[PDB]
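Below is one structure, written out as C-alpha cells; the observations come after it.
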Amino acid sequence: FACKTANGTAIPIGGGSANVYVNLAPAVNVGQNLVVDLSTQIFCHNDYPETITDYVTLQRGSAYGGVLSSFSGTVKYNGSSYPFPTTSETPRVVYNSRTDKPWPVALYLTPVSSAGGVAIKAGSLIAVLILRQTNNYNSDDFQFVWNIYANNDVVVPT
Ligand SMILES: CCCCCCCO[C@H]1O[C@H](CO)[C@@H](O)[C@H](O)[C@@H]1O
C-alpha cells in the first residue's frame, strides 16, 4: 500500500509524510462554505490486492493558522460528515486494487461570525490529515501524514 499527491509526491510502503499545495477559492462570506476536496489531491493503491485487503481511515484531522482561528469546519470522509478538527477516527474505506483511487476526504469550512480581511494567508499550513492504513493480513498499522498548504490568500468580506 502506497500513496501519492496529484503532483506525483509519493509516500511509500510503511508510511511517512508529504506536503499538499492547493489553490483555495479566494473569497468566502459568513454563511457560505469554503470547500477543499482533497480526493483530487491524494491517491492510494493496494500493492497485492489478490492476497491482502487494505483498510484506510482518516485517523485525525487538525486545523492550523487561519482555518483554526477563523473557520468552523466539518470533514466528509467517504461521503459522511464529521467534526473538523476531528474528535474521533473515521470508519474505514477498502483499497482492493493496484489502480490508484482517491482518498475520499473533503473539508467544509465556514467563517466564524467575527472573521474578516485576509483569513487564510498564502503559503500557510491549513491542516494536517493523518491517513491510517491497516490490512486483513498482519499487524501493519501505518501513518501517511498529509500537510495541507494554501497556495493563495482567502478573504472573508464583512
Ligand atoms: C504472501 C505474503 C505477501 C506479502 C506482501 C506484503 C506487502 O505489504 C505491503 O502491501 C500490502 C498490500 O497493499 C499492505 O497491506 C502492507 O501494509 C504493505 O504496504
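Values below: all heavy atoms of this structure, side chains included; hydrogens, waters and symmetry mates excluded. Whatever order the structure lists ligands and atoms in, that order sets their numbers, starting from 1. For the single chain, residues carry numbers from 1 onward in sequence order.
Annotation: cation-pi geometry satisfied between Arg98 and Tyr48 (NZ/CZ under 6.0 angstrom from ring centroid, within 45° of ring axis). Figure legend: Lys76 and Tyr82 shown without cation-pi pairing, the cationic atom not lying both under 6.0 angstrom from the six-membered ring centre and within 45 degrees of its axis.
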Expected rows: ligand 1 N/O, protein N/O, dist below 3.5 Å:
from     : atom 1 : to     : atom 2 : distance (Å)
ligand 1 : 10 (O) : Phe1   : N      : 3.1
ligand 1 : 13 (O) : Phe1   : N      : 2.8
ligand 1 : 13 (O) : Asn46  : OD1    : 3.2
ligand 1 : 13 (O) : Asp47  : N      : 3.0
ligand 1 : 13 (O) : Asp54  : OD2    : 2.6
ligand 1 : 15 (O) : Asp54  : OD1    : 2.6
ligand 1 : 15 (O) : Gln133 : NE2    : 3.4
ligand 1 : 15 (O) : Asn135 : ND2    : 2.9
ligand 1 : 17 (O) : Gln133 : NE2    : 3.0
ligand 1 : 17 (O) : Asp140 : OD2    : 2.7
ligand 1 : 19 (O) : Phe1   : N      : 2.8

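By the 4.5 Å heavy-atom criterion applied to side chains, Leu38 and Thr40 are not counted as neighbours.
Between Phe142 and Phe1, the ring centre distance reaches or exceeds 6.0 Å.
Not counting sequence neighbours, the partners of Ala6 by the side chain to side chain contact (heavy atoms under 4.5 Å, CB included) test are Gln41, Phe43.
Salt bridge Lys4/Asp100: present, at least one basic N to carboxylate O contact under 4.0 Å.
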